[PDB]
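The chain below stands alone, shown as structure tokens; this is the form deposited in one PDB entry.
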């Protein structure tokens, strides 16, 4: 399935999973890692997911997102998200933690808002794969949060939306 790494992909990603997606958890925390294969070039995928100011273009569940205007997003910037009705959250204030255009790493922390999550922090990495003439992408996204099944579903569906957007753009 597009969310289940092949053994070859898992072997190639061993160092990245260790570097960014493995947690030494206190007894009051939990973590989760999700993967998504995308049949599009990794720089295209990265160009979408790196836009911290426009999460609604690659995520579900967002009614609106406010950032300061006329300013290029950089580490430390925040965004104010209104979550669509019907979820265990109404707003989220989120800080951009990582924006590495060379390595294709981004991540954010939820620092405020009306919701149930304490100390949520996530990291997303975008990886290039190639075999014969064919180049594809794997996206890894993990989070840690204080004490899961709902957040897992949000991440999985968001990664699938990112796949749908990138593959739509890649059609020739």
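Residue numbers count along the first chain shown, from 1. Think of the rigid core as the biggest set of C-alphas that the two forms share within 1.5 Å after superposition.
One more form of this protein exists, namely the form deposited in another entry; it is left out here, but the text below deals with it.
Just one of the listed positions, 123, 117, 30, 65, moves its Cα by at least 2 Å between the shown form and the other one when the rigid core is held fixed, and it is 117. For residue 89, the Cα coordinates differ by 2 angstroms or more between the shown form and the other one after the core has been superposed.
Panel note: the distance between the CA atoms of residue 85 and residue 120 is smaller in the other form than in this form, the difference being 3 Å or more.
Cα-Cα spacing of residue 99 to residue 116 is reduced in the other form versus the present form (difference of at least 3 Å).
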